[PDB]
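Shown below, as structure tokens, is a lone chain in the form deposited in one PDB entry; questions about how it binds or moves come after it.
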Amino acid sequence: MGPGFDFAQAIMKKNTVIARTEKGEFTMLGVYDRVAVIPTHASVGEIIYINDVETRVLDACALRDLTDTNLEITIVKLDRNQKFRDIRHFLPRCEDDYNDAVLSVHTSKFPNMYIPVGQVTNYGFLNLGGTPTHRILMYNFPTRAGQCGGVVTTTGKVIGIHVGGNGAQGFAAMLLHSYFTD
């Protein structure tokens, strides 16, 4: 409808795949080469389905901060025959608050879904499903099961991936440029 949705659509149409694990179907953001991200609660194994194609996992790393606290981001390298558009220049360098964010989802259940979530708070610490978690962003939208892995954008920035909710608020794990230096 506007430039927020325009930037979100541009990311969804080139930089997302549908990932399926034994824990369900997830929006999965491709960042560069064969490297993508997914919430750590997806429990990625040796094999994953990418757009319903059996795909070997070449590497999978559940990120933690230097306090050894969960970040809820898993970085996956996929045995895929095609590279993602490199979007690392749209990643923030620092933890921040944001205005006017969009959460975008693409699964079998929720295709071509875009949610204007509004103001995004650097919330920081969250007890997420019983697990102490750092670098959490919060937005005031009643997100539901099926939205995990959803991409959070502003105009010009890819800032996080949806990892949970409490029925009234939704929570995303930050994406930082420093996670994807090679």
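When you see a residue number, it is the position in the sequence shown, counting from 1.
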- Message: Please compare 160 to 168 with 10 to 18 and say which has the higher mean C-alpha temperature factor in the record.
- Response: 160 to 168
- On mean C-alpha B-factor from the PDB entry, just flag whether 57 to 65 or 138 to 146 is the higher one. 138 to 146
- Query: Which is it among 153, 70, 27, 121: the one with the largest CA B-factor in the entry?
  - Reply: 121
- 76, 87, 94, 103, ranked by C-alpha B-factor: the highest one: 94
- Chain third (lowest, middle, highest) by recorded CA B-factor, residue given as residue 116: middle
- Note on the structure: Sorting the chain's modelled residues by C-alpha B-factor and splitting them into thirds places residue 45 in the middle
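Below, we turn to the form deposited with a small molecule bound, even though it does not appear here.
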- Task: Flag residue 45 as yes or no: does it have a non-hydrogen atom within 4.5 angstroms of any non-hydrogen atom of the small molecule in the entry with it bound?
- Result: no
- Query: Though only this chain appears here, would residue 142 touch the small molecule in the entry with it bound if you measure heavy atom gaps against 4.5 Å?
  - Reply: yes
- Message: Is it the case that residue 147, even though its partner is missing from this view, gets within 4.5 Å of the small molecule in the entry with it bound, heavy atoms only?
- Response: yes
